[PDB]
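Just so you know, structure 1 and structure 2 below are the same protein chain in two forms, each on its own as structure tokens.
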Structure 1
């Protein structure tokens, strides 16, 4: 329209986009800053990068862009693109993007009274410290620090407004707890003027159903399978294979967890502690299996069972476990031959008796170590899992 054309012609005249829109140059310009969070795009623990979708909200007052609505009775607001009016140079300090500024430059809407609104959208990547001490049950706080780059406290006075989460789209992995904000002015070695900034803290809680069903459960099942080796009779040689194959499966689980986790040395993580506990458990199980096999294939002639070992294993542990221990001259020539044969049979009988004793001792040791290892693994797993804070809260909210 003619009124719109005349207004655009008049406003642009004698306008310098390099000048701060203030009637009085000695007074700070008040700028209100906020943001609206739309989506938590990604959390990268290995690279420690948070990717989010955010609309920034900037509001201020321009002294020159004012007109009387009566003279232009059809237009109430105007729009100006980048590079033709003054705009705050607000940037995100802790950016992790190859381009430091990742905001799409849109139009700026102006009142008839000179009120400027700026709503740039963006996919922001920031670098926030990620704590993996209590993973999977960790809670993360990520910082987003915004501030002007070349405007101190005597020129541009930054003000904070509460973040808007009405349009937030729930994520399938993280639960949004809150997004508080705080405004603070700091000092820099460059300059002698304080510089304000606004920091928004995003608090997120990781949902644990996927991890607790894909990592925790198979670990306990496979550890139980390793415990099962204490039930196989020693007469079938399939114990070492069981133990070693279980160890291999644990190693592949460890490589998966290692490829999904950051290489930080800040603290030992809970999953690593669990894997180490299972490592020692299965290794000691294999060692005990070797000891049992050594006892089982004991040569009867090789030696005699120590008195202490006998008095322990065959009586105390047997009673405790309620296991019962199993148990003319030609005529003279024929006579001595059959005597020799009978004596040979007697010797074989004594040898088999000693062998049976050794086998019983091996069985007793096997049963004792089965019970002990079951108790140990149950206690260790329960303690390690429950040591995490808010573990019960996570379990309730996810599974229940």
Structure 2
């Protein structure tokens, strides 16, 4: 009875085109906020953030009021899209192909005329995703909301703090906060300033996954390249080991290239460490070629330089703690015996060149091991969030 009577009366002469103020010269205060249920997807490559959000819009509708004693039991009424005036608040920085992704629900109105409009939606929004420190990165994705076609003279947009009471944690992203800011900007279209309310979703990436799936595997696989320095030259597999490990590491940059936007704004930290590793492994192959030249050095070819004999076999080697008819028969056997002496003399020259190769391996083992260690630590610890990350995620 009363519900039926109220609805009929409330729509009488109601025009949803009309901004529901008793005084047209005054603006309409609209309180705006949102509830952040969950961060669904942070697309780095396309620079889009996906969130499950419940917008929260409240205002007073001067015409939607009644005395509850004349309609007992009817404390609230509901109105669907198009039958009541509502604010045209949109996400400016939407990435959604239909632009407005909100699911229109009922506006809930109480007898004093206070309206509650809480449309849910899956929102896609453009977010400059800074990849400089990936995987130890923190993002600040803006969500700018404002009335599209009412400026500050007609619609006084006001902010209320975001609700995260129902926030469900992501797994990849720790929510740091969703602070909000209400600004009043002018646009080149119009002479009226249009207020907006922007919420900044601050997110720390949780680093365990990429620590285990990219960083640590690259460390361990690249160190396998350093075993080339311990592998004997006579194995005939130094180059196969080195070049095979090097080209396998390309998978990691391919994986990174599948996550990262193709931008020139910064060079991601992960890329810097992967580039350093492949350069170090590539130089290990370069050094390996030198070691093989020494190992295989032709004994009749050019003699070992004095510098080589001292810088490698003396100094570096010490530091590393390495260190009638009888006459004819006589001349024939002399030849055979002297022939062996030359062979053995050439053997000793070869041995020194092979010893030089071993010493070069040993110095390069220590040098590439130490150089691998410092470049890795230095690159990873240059991230401001590294210490926080290691403490929180590991």
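The term rigid core refers to the maximal set of C-alpha atoms that superpose within 1.5 Å between the two forms. Numbering follows the first chain given and starts at 1.
In the core-superposed comparison between structures 1 and 2, the CA atom of residue 306 travels 1.9 Å. The Cα position of residue 245 changes by 0.6 Å between structures 1 and 2 once both are aligned on the rigid core. After superposing on the rigid core, the C-alpha of residue 339 is displaced by 2.3 Å between structures 1 and 2.
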